[PDB]
Amino acid sequence: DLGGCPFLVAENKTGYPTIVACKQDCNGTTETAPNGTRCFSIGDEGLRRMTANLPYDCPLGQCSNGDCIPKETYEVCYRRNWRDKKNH
Ligand SMILES: *[C@@H]1O[C@H](CO)[C@@H](O)[C@H](O)[C@H]1NC(C)=O
Ligand SMILES: *[C@@H]1O[C@H](CO)[C@@H](O)[C@H](O)[C@H]1NC(C)=O
């Protein structure tokens, strides 16, 4: 019974995933990533609103107590759908 499910990610030009929020809904189950996990602080809708295959500078951060805390560095990043095809 229940629960949990994987976090969404963006990748760099080569496909290395970095998650994009530190919390998730799983239907009504909430997950929180461990304090310290790499993440981009852009959010699930931040991810959805990104044009498939185009590059964004995504602000890097580290997770703490469920929020991606930015670290003022930035890194070049990507939303890739199945078969690279176009968003939404
Ligand atoms: C993305 O990251 C991984 C490890 O952090 C690395 O081996 C790879 O070359 C990276 N891709 C680019 C284009 O920077
Ligand atoms: C993670 O870090 C925060 C604040 O730095 C702390 O208050 C919190 O209890 C920590 N949680 C765990 C399980 O490490």
# chains A, B, ... in the order shown; residues from 1 in each chain; ligands from 1

$ residues_near_ligand --ligand "ligand 2" --cutoff "9 Å" --atoms "only C-alpha atoms and all ligand atoms" --output "mmCIF file with N, CA, C and O atoms, in the first residue's frame"
data_model
loop_
_atom_site.group_PDB
_atom_site.id
_atom_site.type_symbol
_atom_site.label_atom_id
_atom_site.label_comp_id
_atom_site.auth_asym_id
_atom_site.auth_seq_id
_atom_site.Cartn_x
_atom_site.Cartn_y
_atom_site.Cartn_z
ATOM 1 N N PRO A 34 16.393 14.251 0.683
ATOM 2 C CA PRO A 34 17.295 14.346 1.896
ATOM 3 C C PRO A 34 17.970 15.727 1.881
ATOM 4 O O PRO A 34 18.496 16.028 0.776
ATOM 5 N N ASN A 35 17.962 16.552 2.966
ATOM 6 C CA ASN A 35 18.950 17.709 3.121
ATOM 7 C C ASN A 35 20.301 17.457 2.405
ATOM 8 O O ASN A 35 20.811 16.350 2.450
ATOM 9 N N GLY A 36 20.792 18.432 1.616
ATOM 10 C CA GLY A 36 22.005 18.260 0.799
ATOM 11 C C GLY A 36 21.933 17.837 -0.671
ATOM 12 O O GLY A 36 22.932 18.112 -1.437
ATOM 13 N N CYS A 63 19.427 20.951 -1.642
ATOM 14 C CA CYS A 63 18.166 20.941 -0.844
ATOM 15 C C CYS A 63 18.321 21.091 0.695
ATOM 16 O O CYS A 63 19.166 20.401 1.376
ATOM 17 N N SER A 64 17.427 21.854 1.300
ATOM 18 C CA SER A 64 17.485 21.843 2.703
ATOM 19 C C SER A 64 16.098 21.956 3.304
ATOM 20 O O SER A 64 15.355 22.887 2.969
ATOM 21 N N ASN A 65 15.755 20.968 4.170
ATOM 22 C CA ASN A 65 14.444 20.944 4.831
ATOM 23 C C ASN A 65 13.308 21.116 3.808
ATOM 24 O O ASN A 65 12.471 21.910 4.021
ATOM 25 N N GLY A 66 13.366 20.414 2.665
ATOM 26 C CA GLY A 66 12.390 20.571 1.534
ATOM 27 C C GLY A 66 12.390 21.758 0.539
ATOM 28 O O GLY A 66 11.540 21.832 -0.356
#

$ closest_atom_pairs --of "chain A" --to "ligand 1" --cutoff "6 Å" --atoms "only C-alpha atoms and all ligand atoms" --output "JSON lines"
{"residue": "A:12", "atom": "CA", "partner": "ligand 1", "partner_atom_place_in_ligand_line": "1 (C)", "distance": 5.2}
{"residue": "A:13", "atom": "CA", "partner": "ligand 1", "partner_atom_place_in_ligand_line": "13 (C)", "distance": 4.5}
{"residue": "A:14", "atom": "CA", "partner": "ligand 1", "partner_atom_place_in_ligand_line": "11 (N)", "distance": 4.5}
{"residue": "A:16", "atom": "CA", "partner": "ligand 1", "partner_atom_place_in_ligand_line": "1 (C)", "distance": 5.0}

$ write_last_selection --atoms "N, CA and C atoms" --output "PDB file, in the first residue's frame"
ATOM      1  N   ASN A  12      21.883  18.265 -18.146  1.00  0.00           N
ATOM      2  CA  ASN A  12      22.810  19.118 -18.880  1.00  0.00           C
ATOM      3  C   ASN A  12      22.863  18.631 -20.335  1.00  0.00           C
ATOM      4  N   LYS A  13      23.723  19.136 -21.318  1.00  0.00           N
ATOM      5  CA  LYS A  13      23.556  18.909 -22.752  1.00  0.00           C
ATOM      6  C   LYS A  13      23.745  17.424 -22.945  1.00  0.00           C
ATOM      7  N   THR A  14      24.375  16.752 -21.972  1.00  0.00           N
ATOM      8  CA  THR A  14      24.620  15.261 -22.058  1.00  0.00           C
ATOM      9  C   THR A  14      23.649  14.313 -21.294  1.00  0.00           C
ATOM     10  N   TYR A  16      22.771  14.167 -17.842  1.00  0.00           N
ATOM     11  CA  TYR A  16      22.902  14.031 -16.422  1.00  0.00           C
ATOM     12  C   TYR A  16      21.704  14.765 -15.765  1.00  0.00           C
TER      13      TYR A  16
END

$ closest_residue --among "A:38, A:71, A:79, A:48" --to "residue 15 (chain A)" --atoms "only C-alpha atoms"
A:79

$ closest_residue --among "A:70, A:59, A:28, A:43" --to "residue 7 (chain A)" --atoms "only C-alpha atoms"
A:43

$ select_by_dssp --residues "region 3-88 of chain A" --states "helix (DSSP H, G or I)" --output "ChimeraX atom specification"
/A:43-48,82-84

$ write_last_selection --atoms "N, CA and C atoms" --output "CSV table (one decimal), in the first residue's frame"
chain,number,residue,atom,x,y,z
A,43,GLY,N,11.4,24.3,-9.6
A,43,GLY,CA,10.0,23.8,-9.4
A,43,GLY,C,9.5,23.0,-10.5
A,44,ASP,N,8.6,22.1,-10.2
A,44,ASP,CA,7.8,21.3,-11.2
A,44,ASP,C,7.1,22.2,-12.3
A,45,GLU,N,6.4,23.2,-12.0
A,45,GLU,CA,5.9,24.1,-13.1
A,45,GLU,C,7.0,24.8,-13.8
A,46,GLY,N,8.0,25.3,-13.1
A,46,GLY,CA,9.2,25.8,-13.8
A,46,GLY,C,9.6,24.7,-14.8
A,47,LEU,N,9.8,23.5,-14.4
A,47,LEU,CA,10.1,22.5,-15.4
A,47,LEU,C,9.1,22.5,-16.6
A,48,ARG,N,7.8,22.4,-16.3
A,48,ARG,CA,6.7,22.2,-17.4
A,48,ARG,C,6.7,23.3,-18.4
A,82,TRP,N,10.3,12.3,-24.0
A,82,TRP,CA,10.5,11.0,-24.5
A,82,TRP,C,10.8,11.3,-26.0
A,83,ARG,N,11.9,10.6,-26.5
A,83,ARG,CA,12.2,10.7,-27.9
A,83,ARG,C,12.5,12.1,-28.3
A,84,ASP,N,12.9,12.9,-27.3
A,84,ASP,CA,13.3,14.3,-27.5
A,84,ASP,C,12.3,15.2,-28.1

$ closest_residue --among "A:40, A:18, A:52, A:25" --to "residue 72 (chain A)" --atoms "only C-alpha atoms"
A:40

$ select_by_dssp --residues "region 1-87 of chain A" --states "strand (DSSP E)" --output "ChimeraX atom specification"
/A:9-11,17-19,23-26,29-32,38-40,56-64,67-77

$ decode --residues "region 59-81 of chain A" --atoms "N, CA, C and O atoms" --output "CSV table (one decimal), in the first residue's frame"
chain,number,residue,atom,x,y,z
A,59,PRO,N,19.2,27.9,-12.1
A,59,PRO,CA,20.0,28.2,-11.0
A,59,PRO,C,20.2,27.0,-10.2
A,59,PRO,O,19.3,26.4,-9.5
A,60,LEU,N,21.5,26.6,-10.0
A,60,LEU,CA,21.8,25.5,-9.1
A,60,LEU,C,21.6,25.9,-7.8
A,60,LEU,O,21.6,27.1,-7.2
A,61,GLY,N,21.3,24.8,-6.9
A,61,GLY,CA,21.2,24.9,-5.5
A,61,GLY,C,21.4,23.6,-4.8
A,61,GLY,O,21.8,22.6,-5.4
A,62,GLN,N,21.4,23.7,-3.5
A,62,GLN,CA,21.3,22.4,-2.7
A,62,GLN,C,20.1,22.2,-1.8
A,62,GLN,O,19.6,23.2,-1.2
A,63,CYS,N,19.4,21.0,-1.6
A,63,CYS,CA,18.2,20.9,-0.8
A,63,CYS,C,18.3,21.1,0.7
A,63,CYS,O,19.2,20.4,1.4
A,64,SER,N,17.4,21.9,1.3
A,64,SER,CA,17.5,21.8,2.7
A,64,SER,C,16.1,22.0,3.3
A,64,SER,O,15.4,22.9,3.0
A,65,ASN,N,15.8,21.0,4.2
A,65,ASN,CA,14.4,20.9,4.8
A,65,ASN,C,13.3,21.1,3.8
A,65,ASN,O,12.5,21.9,4.0
A,66,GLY,N,13.4,20.4,2.7
A,66,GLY,CA,12.4,20.6,1.5
A,66,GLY,C,12.4,21.8,0.5
A,66,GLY,O,11.5,21.8,-0.4
A,67,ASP,N,13.3,22.7,0.7
A,67,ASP,CA,13.4,23.7,-0.3
A,67,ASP,C,14.7,23.7,-1.0
A,67,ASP,O,15.7,23.6,-0.3
A,68,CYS,N,14.8,23.9,-2.3
A,68,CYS,CA,16.0,24.1,-3.0
A,68,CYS,C,16.6,25.4,-2.6
A,68,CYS,O,16.0,26.4,-3.0
A,69,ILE,N,17.7,25.5,-1.9
A,69,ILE,CA,18.4,26.7,-1.5
A,69,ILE,C,19.4,27.1,-2.6
A,69,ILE,O,20.4,26.5,-2.8
A,70,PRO,N,19.2,28.2,-3.3
A,70,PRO,CA,20.1,28.5,-4.4
A,70,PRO,C,21.5,28.8,-3.9
A,70,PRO,O,21.6,29.2,-2.8
A,71,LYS,N,22.5,28.5,-4.7
A,71,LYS,CA,23.8,28.9,-4.3
A,71,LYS,C,24.4,29.8,-5.3
A,71,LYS,O,25.6,30.0,-5.4
A,72,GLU,N,23.6,30.5,-6.1
A,72,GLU,CA,24.1,31.7,-6.8
A,72,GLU,C,25.0,31.4,-7.9
A,72,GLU,O,25.5,32.2,-8.7
A,73,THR,N,25.4,30.1,-7.9
A,73,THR,CA,25.8,29.6,-9.2
A,73,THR,C,24.6,29.2,-10.1
A,73,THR,O,23.4,28.8,-9.9
A,74,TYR,N,25.1,29.2,-11.5
A,74,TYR,CA,24.2,28.8,-12.4
A,74,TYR,C,24.9,27.8,-13.2
A,74,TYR,O,26.0,27.7,-13.3
A,75,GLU,N,23.9,26.9,-14.0
A,75,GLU,CA,24.5,25.9,-14.8
A,75,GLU,C,23.4,25.8,-15.9
A,75,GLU,O,22.2,25.9,-15.7
A,76,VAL,N,23.9,25.3,-17.3
A,76,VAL,CA,23.3,25.3,-18.4
A,76,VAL,C,22.5,24.0,-18.4
A,76,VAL,O,22.8,22.8,-18.5
A,77,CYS,N,21.0,24.2,-18.7
A,77,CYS,CA,20.2,23.1,-18.6
A,77,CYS,C,19.0,22.9,-19.4
A,77,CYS,O,18.4,23.7,-20.1
A,78,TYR,N,18.4,21.6,-19.4
A,78,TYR,CA,17.6,21.2,-20.4
A,78,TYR,C,16.3,20.4,-20.1
A,78,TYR,O,16.3,19.5,-19.3
A,79,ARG,N,15.1,20.7,-20.6
A,79,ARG,CA,13.9,19.8,-20.5
A,79,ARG,C,13.8,18.8,-21.7
A,79,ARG,O,13.5,19.4,-22.9
A,80,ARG,N,14.0,17.5,-21.5
A,80,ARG,CA,14.0,16.5,-22.6
A,80,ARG,C,12.7,15.6,-22.5
A,80,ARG,O,12.6,14.7,-21.5
A,81,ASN,N,11.8,15.7,-23.4
A,81,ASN,CA,10.8,14.6,-23.4
A,81,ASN,C,11.2,13.3,-24.1
A,81,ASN,O,12.3,13.2,-24.6
